[PDB]
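Following: one structure in structure tokens, then a few remarks.
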There are 6 protein chains.
Amino acid sequence: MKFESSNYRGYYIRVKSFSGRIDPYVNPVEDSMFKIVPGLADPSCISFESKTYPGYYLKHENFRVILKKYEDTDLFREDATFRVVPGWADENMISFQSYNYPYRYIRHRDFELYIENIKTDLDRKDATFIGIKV
Amino acid sequence: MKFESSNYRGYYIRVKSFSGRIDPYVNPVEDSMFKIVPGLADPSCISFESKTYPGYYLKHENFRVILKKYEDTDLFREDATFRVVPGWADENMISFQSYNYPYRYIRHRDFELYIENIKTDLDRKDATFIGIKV
Amino acid sequence: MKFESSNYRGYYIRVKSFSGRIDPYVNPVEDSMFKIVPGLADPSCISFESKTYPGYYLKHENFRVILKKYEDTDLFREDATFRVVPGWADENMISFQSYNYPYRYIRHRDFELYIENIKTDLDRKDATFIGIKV
Amino acid sequence: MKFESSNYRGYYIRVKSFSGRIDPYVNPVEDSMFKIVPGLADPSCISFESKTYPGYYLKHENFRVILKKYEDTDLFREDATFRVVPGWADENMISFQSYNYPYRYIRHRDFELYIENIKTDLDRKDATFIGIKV
Amino acid sequence: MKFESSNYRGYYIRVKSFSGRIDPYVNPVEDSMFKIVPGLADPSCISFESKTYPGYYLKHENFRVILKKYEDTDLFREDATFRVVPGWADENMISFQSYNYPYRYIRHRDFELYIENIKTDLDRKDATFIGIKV
Amino acid sequence: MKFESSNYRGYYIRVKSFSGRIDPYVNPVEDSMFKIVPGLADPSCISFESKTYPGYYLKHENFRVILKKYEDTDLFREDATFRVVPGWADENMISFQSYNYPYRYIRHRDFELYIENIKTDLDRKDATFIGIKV
Ligand SMILES: OC[C@@H]1O[C@@H](O[C@@H]2[C@@H](O)[C@H](O[C@@H]3CO[C@@H](O)[C@H](O)[C@H]3O)OC[C@H]2O)[C@H](O)[C@H]1O
Ligand SMILES: OC[C@@H]1O[C@@H](O[C@@H]2[C@@H](O)[C@H](O[C@@H]3CO[C@@H](O)[C@H](O)[C@H]3O)OC[C@H]2O)[C@H](O)[C@H]1O
Ligand SMILES: OC[C@@H]1O[C@@H](O[C@@H]2[C@@H](O)[C@H](O[C@@H]3CO[C@@H](O)[C@H](O)[C@H]3O)OC[C@H]2O)[C@H](O)[C@H]1O
Ligand SMILES: OC[C@@H]1O[C@@H](O[C@@H]2[C@@H](O)[C@H](O[C@@H]3CO[C@@H](O)[C@H](O)[C@H]3O)OC[C@H]2O)[C@H](O)[C@H]1O
Ligand SMILES: OC[C@@H]1O[C@@H](O[C@@H]2[C@@H](O)[C@H](O[C@@H]3CO[C@@H](O)[C@H](O)[C@H]3O)OC[C@H]2O)[C@H](O)[C@H]1O
Ligand SMILES: OC[C@@H]1O[C@@H](O[C@@H]2[C@@H](O)[C@H](O[C@@H]3CO[C@@H](O)[C@H](O)[C@H]3O)OC[C@H]2O)[C@H](O)[C@H]1O
Ligand SMILES: OC[C@@H]1O[C@@H](O[C@@H]2[C@@H](O)[C@H](O[C@@H]3CO[C@@H](O)[C@H](O)[C@H]3O)OC[C@H]2O)[C@H](O)[C@H]1O
Ligand SMILES: OC[C@@H]1O[C@@H](O[C@@H]2[C@@H](O)[C@H](O[C@@H]3CO[C@@H](O)[C@H](O)[C@H]3O)OC[C@H]2O)[C@H](O)[C@H]1O
Ligand SMILES: OC[C@@H]1O[C@@H](O[C@@H]2[C@@H](O)[C@H](O[C@@H]3CO[C@@H](O)[C@H](O)[C@H]3O)OC[C@H]2O)[C@H](O)[C@H]1O
Ligand SMILES: OC[C@@H]1O[C@@H](O[C@@H]2[C@@H](O)[C@H](O[C@@H]3CO[C@@H](O)[C@H](O)[C@H]3O)OC[C@H]2O)[C@H](O)[C@H]1O
Ligand SMILES: OC[C@@H]1O[C@@H](O[C@@H]2[C@@H](O)[C@H](O[C@@H]3CO[C@@H](O)[C@H](O)[C@H]3O)OC[C@H]2O)[C@H](O)[C@H]1O
Ligand SMILES: OC[C@@H]1O[C@@H](O[C@@H]2[C@@H](O)[C@H](O[C@@H]3CO[C@@H](O)[C@H](O)[C@H]3O)OC[C@H]2O)[C@H](O)[C@H]1O
Ligand SMILES: [Cl-]
Ligand SMILES: [Cl-]
Ligand SMILES: [Cl-]
Ligand SMILES: [Cl-]
Ligand SMILES: [Cl-]
Ligand SMILES: [Cl-]
Ligand SMILES: [Cl-]
Ligand SMILES: [Cl-]
Ligand SMILES: [Cl-]
Ligand SMILES: [Cl-]
Ligand SMILES: [Cl-]
Ligand SMILES: [Cl-]
Ligand SMILES: [Cl-]
Ligand SMILES: [Cl-]
Ligand SMILES: [Cl-]
């Protein structure tokens with residue numbers, strides 16, 4: 001899957017230099033592709049496995065979303081697990097709730113990805129994405 | 001209404017993940033159904049309202065044709081307004097002229113929809129559709 | 001939510017002067033109201049956040065249940081995390097197992113709240129409550 | 001591997017007199033067993049090789065699914081290649097998309113196997129199978 | 001809950017490829033875990049909901065016990081409803097009476113699960129299970 | 001008699017869903033009580049009869065210690081007979097030697113009971129108990 005920003009249409013979640021961001025015209029395009037697997041800490045949730053680096057996962061660290069090779073620890077698995085919920089800014093879209101910080105959601109901010117509290121209308125838009133099957 | 005491609009018969013304009021494309025055997029079939037209303041920026045034109053998502057309209061953005069929730073601005077309304085003209089490759093069919101970019105028409109290219117300049121014979125066929133009432 | 005004692009109907013869990021007890025005719029009634037949040041030490045458990053004082057949680061300290069402002073330590077979060085299990089004195093009601101003392105449960109005694117081992121029939125009634133949504 | 005019909009539980013894909021069908025209580029049971037090999041026309045897909053007759057493959061011909069001895073042609077290899085997709089009638093089961101007819105899927109009809117367009121709810125169930133390792 | 005066979009101790013009811021059976025050393029072990037809910041056709045009975053596949057239930061079909069996604073029909077709900085009774089071979093254990101075939105009980109036979117009439121001492125043991133809370 | 005673990009004091013051998021384990025605060029307490037009778041296969045040894053379930057005995061099966069209704073076979077009696085010996089980790093306490101597997105002793109492991117070889121210092125403690133008359 002790829003994931004498009006709802007308020008920056010044409011921009012996709014991607015990994016660059018092992019950090020998460022959103023970008024248009026993602027090059028290489030595989031940087032925006034993920035294998036969605038049952039959540040490492042909770043199978044009702046999801047984890048994002050990198051397509052170009054198998055065994056690496058999106059995960060938060062100091063509340064920034066980075067890409068990191070799997071580590072056999074509860075904290076890594078919990079940092080790498082996200083619950084898909086109806087989109088904050090549009091219930092027909094999606095948002096990603098952090099498993100171990102349930103009041104923080106994946107959002108972009110100056111085009112970089114964080115997990116942060118969602119309080120304003122701009123926060124909600126920044127936290128709302130479109131899932132695309134490739 | 002559904003809209004069938006004239007050079008890919010059996011392929012229909014449809015929304016997938018809030019983006020416009022043409023596909024055959026559209027699943028679910030409602031993805032290819034639209035409520036045609038008077039153009040949001042000009043009643044002599046038309047706008048394509050989603051049957052699945054009322055209040056969402058086909059609209060161009062970065063010249064890509066996408067589905068987006070109605071916004072109360074002139075630019076959104078214009079981006080969502082299209083003039084039905086006689087088909088570029090066949091006057092018995094129709095083409096869709098963009099209200100705010102009059103030299104650009106809805107066309108498919110690698111099965112995704114854009115508003116682009118119609119120059120060659122392939123361009124004309126890619127921009128020529130058949131309107132089917134349902 | 002509010003929580004009514006099973007063996008003292010009309011007595012609800014409440015905070016008074018930042019310590020936990022059960023009282024009837026709770027004045028002000030907001031003292032008996034809690035926001036049930038994901039468990040601070042484990043999201044599959046619960047914590048009781050004060051409605052009157054956001055950011056304050058019921059938690060045990062020297063095995064007394066008190067209300068205390070959040071502190072960013074593992075011990076505080078574990079002291080503030082409880083597992084909802086079927087009621088000791090009635091399986092259709094509920095009891096609250098301590099996260100870090102798994103054989104101690106919230107119970108009243110002289111109308112004050114403790115986490116204690118649950119041994120007698122009176123112990124079980126003292127540890128059994130009725131959840132009431134508000 | 002054997003493949004059980006999702007709507008006719010206990011009915012398995014089997015070869016009878018070199019023709020594909022679904023049957024209960026398959027005798028000999030080897031007629032329902034296949035070696036899943038890299039797709040003859042595309043190693044990222046699959047082909048079904050006969051366990052009873054090595055070098056024979058399930059392949060479609062005039063849209064009927066039959067068992068045929070390998071032939072060294074592009075058409076044969078394409079007729080014998082299928083893509084495993086999430087099941088039409090259940091995402092946790094599987095369906096088999098034809099490699100050279102990408103909008104046709106293996107389905108049973110009067111207990112015989114075809115590749116056909118999948119339009120109705122009955123079509124989707126007829127096209128949905130349960131893989132069973134042996 | 002999981003459910004252990006009384007005459008094959010260490011063998012548990014589990015789902016494998018959407019069919020019920022008993023197996024030792026169940027892998028993955030969640031295949032043997034169920035959420036016990038009020039009977040879909042009668043609240044005084046029980047239904048077994050899959051932990052692995054939420055919204056899927058154990059239900060009999062041609063008297064075989066299978067796993068199937070919930071369907072909004074009386075027949076499905078009745079096929080998925082079972083009454084817990086004292087065990088046929090041991091009153092301290094349990095058996096499962098079919099709601100709509102009241103003389104048929106869940107039993108294993110060649111390690112596969114059916115609902116069948118219980119007549120012999122072997123039948124009774126085959127229909128007697130141990131409930132284990134997990 | 002009850003039998004307390006030497007390395008987990010306050011934890012007692014008990015039967016839960018007809019399987020052997022050690023638990024503190026055993027509930028109901030009769031789950032930890034046994035009638036010590038002369039060994040079923042050798043009256044100079046002992047067998048543990050259930051107080052809750054007269055005629056049921058602790059016995060090993062697949063080297064797991066379980067509770068099972070008496071069976072009139074030599075193998076059952078052999079599986080249910082144990083010899084009290086000086087404790088592996090404390091000669092003032094006791095251990096239980098399997099009668100038909102004389103190098104295997106009752107030990108707890110992840111709080112469940114097995115008959116296993118006693119090799120390490122952890123093994124010896126896991127195999128050492130305090131008998132308490134009731
Ligand atoms: O994303 C939120 C949590 O952050 C990680 O845990 C952090 C941990 O990374 C942090 O380490 C800091 C990093 O900066 C150094 O200069 C400092 O010395 C060091 O202590 O400590 C706080 C802790 O919360 C988790 O992966 C994630 O859950
Ligand atoms: O991720 C894209 C958008 O980025 C955020 O909005 C930014 C906003 O953060 C930025 O403000 C800058 C921040 O740095 C300050 O020093 C500066 O003064 C200020 O102008 O302005 C641009 C805007 O795009 C949104 O969260 C997100 O949508
Ligand atoms: O489909 C044609 C027109 O495209 C949209 O307008 C675009 C607009 O999206 C674009 O915004 C850019 C975003 O990136 C910034 O760096 C830049 O400064 C900003 O201008 O601007 C170009 C414009 O063509 C309209 O919806 C649609 O009419
Ligand atoms: O929308 C369906 C048809 O797509 C266009 O024609 C395409 C054509 O674009 C494609 O050429 C490929 C495109 O990707 C490039 O990267 C590559 O270099 C080029 O070879 O060939 C297939 C054909 O389907 C038409 O506009 C439209 O009819
Ligand atoms: O409710 C059970 C546990 O009680 C608290 O832990 C206590 C801890 O508060 C106590 O600390 C004392 C504080 O005063 C100092 O002078 C003294 O040296 C120090 O030991 O020690 C006992 C311990 O049980 C926890 O919050 C809670 O888990
Ligand atoms: O929380 C309400 C109830 O309080 C406890 O029961 C109390 C009990 O503790 C109390 O016992 C006193 C102890 O002091 C002695 O001097 C006196 O004689 C004795 O009566 O008596 C009142 C009774 O309500 C329960 O745990 C709980 O239900
Ligand atoms: O299953 C779908 C396609 O069916 C086969 O292709 C058939 C082909 O076999 C058929 O050939 C006939 C054979 O007899 C000749 O006398 C006659 O001239 C010729 O037409 O023609 C139709 C075609 O669809 C493929 O194996 C398979 O892809
Ligand atoms: O492969 C098993 C099932 O077969 C199809 O459903 C059949 C259906 O085809 C059949 O209908 C017949 C059609 O012929 C008429 O003459 C007759 O009146 C009518 O009954 O009835 C049996 C039914 O099972 C499905 O595709 C497939 O599930
Ligand atoms: O487990 C007992 C019952 O089995 C299911 O109902 C069965 C049904 O599956 C079976 O279907 C056949 C399919 O072929 C058709 O030709 C025929 O008409 C039809 O009867 O029929 C018997 C019936 O008992 C129920 O889910 C369950 O109660
Ligand atoms: O589920 C485990 C046990 O299985 C049944 O007992 C079996 C018995 O059914 C089996 O007899 C075989 C069955 O398969 C036929 O092919 C064959 O004809 C017949 O001899 O023999 C093994 C025995 O354990 C019990 O109901 C159940 O306890
Ligand atoms: O606790 C140790 C010994 O275990 C019991 O006997 C076991 C026996 O139950 C087991 O036999 C099964 C028979 O069914 C087959 O399908 C299976 O392959 C086989 O493992 O095998 C081990 C044997 O020792 C005794 O009661 C006890 O002494
Ligand atoms: O019966 C209670 C005790 O259980 C056994 O020891 C357990 C041990 O089996 C369990 O395994 C873990 C696995 O993860 C590793 O990282 C960890 O170090 C390892 O110990 O851990 C808990 C421990 O209590 C003993 O036989 C028995 O005393
Ligand atoms: Cl994808
Ligand atoms: Cl219409
Ligand atoms: Cl041209
Ligand atoms: Cl509430
Ligand atoms: Cl609330
Ligand atoms: Cl309880
Ligand atoms: Cl296989
Ligand atoms: Cl193989
Ligand atoms: Cl599909
Ligand atoms: Cl497969
Ligand atoms: Cl359970
Ligand atoms: Cl039950
Ligand atoms: Cl009975
Ligand atoms: Cl005694
Ligand atoms: Cl010894």
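Numbered from 1 within each chain, the chains take letters A, B, ... in sequence-line order. These values consider heavy atoms only, across backbone and side chains, with no hydrogens, waters or symmetry-generated copies. Order of appearance sets the numbers: ligands from 1, and atoms from 1 within every ligand.
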_Numbered atoms of ligand 8 (with element) below 4.0 Å of D:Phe111, judged on heavy atoms_ =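 Under 4.0 Å from D:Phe111, ligand 8 has these atoms: 1 (O), 2 (C).
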*Counting each atom of ligand 8 from 1 as listed, which ones have a heavy atom of D:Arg109 under 4.0 Å away?*
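Counting atoms of ligand 8 from 1, those under 4.0 Å from D:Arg109 are 1 (O), 26 (O).
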*asked:* Using the rule given for salt bridge (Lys or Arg N to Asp or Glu O under 4.0 Å), can you reason through C:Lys59 versus C:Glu61, listing the C-alpha separation, both sets of side-chain angles and the distance that settles it, and then say yes or no?
replied: CA-CA 7 Å; C:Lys59 57 139 282 160; C:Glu61 193 161 321; 3.0 Å; yes
*Counting N and O atoms only, with roles assigned by atom type, does the side chain of C:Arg107 sit under 3.5 Å from a partner on the main chain of C:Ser95, one being a donor and the other an acceptor?*
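No.
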*E:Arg14 side-chain N/O to E:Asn27 backbone N/O, donor-acceptor pair under 3.5 Å*: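 Judged by distance alone, yes, a pair lies under 3.5 Å.
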*Would E:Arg77 and E:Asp72 pass as an ion pair if we require N to O under 4.0 Å?*
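Answer for the salt bridge query: yes.
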*asked:* What I want to find out is whether F:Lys51 reaches F:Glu30 closely enough, with some N-O distance under 4.0 Å, to be called a salt bridge.
replied: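 No, F:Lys51 and F:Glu30 are not salt-bridged.
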*Of all the non-hydrogen atoms in the protein, which one sits nearest to atom 2 (C) of ligand 8, and at what distance?*
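Residue, atom and distance for the closest contact: D:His108 ND1, 3.4 Å.
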*What residue and atom, counting heavy atoms only, is the protein's closest point to atom 24 (O) of ligand 8, and at what distance?*
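Residue, atom and distance for the closest contact: D:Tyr8 OH, 3.6 Å.
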_Parallel, tilted or perpendicular, judged at 30° and 60°: which one describes the rings of D:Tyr56 and D:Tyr53?_
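Rings of D:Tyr56 and D:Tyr53: tilted, 30 to 60°.
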*Pick, from D:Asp123, D:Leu113, D:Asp110, D:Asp126, the option with the minimum heavy-atom distance to atom 10 (C) of ligand 8.*
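Minimum heavy-atom distance to atom 10 (C) of ligand 8 goes to D:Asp110.
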*Considering only heavy atoms, does D:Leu122 approach ligand 8 within less than 4.0 Å through its side chain, its backbone, both, or neither?*
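Under 4.0 Å from ligand 8, D:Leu122 contributes side-chain atoms alone.
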Please check [atom] for a protein heavy-atom neighbour under 4.0 Å.
atom                    : answer
atom 13 (C) of ligand 8 : no
atom 7 (C) of ligand 8  : yes
atom 20 (O) of ligand 8 : no
atom 28 (O) of ligand 8 : yes

*Mind checking whether D:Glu112 has an N or O less than 3.5 Å away from an N or O of ligand 8?*
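No; every N/O pair is 3.5 Å or more apart.
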_Around atom NZ of E:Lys68, are there more than 12 heavy atoms from other residues, nucleotides or ligands closer than 6.0 Å?_
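Result for NZ/E:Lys68: enclosed.
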*Which is it for D:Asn117 and B:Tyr25 under the side chain to side chain donor-acceptor pair (under 3.5 Å) test, yes or no, and what are the steps along the way?*
CA-CA 8 Å; D:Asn117 299 124; B:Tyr25 308 104; 3.3 Å; yes
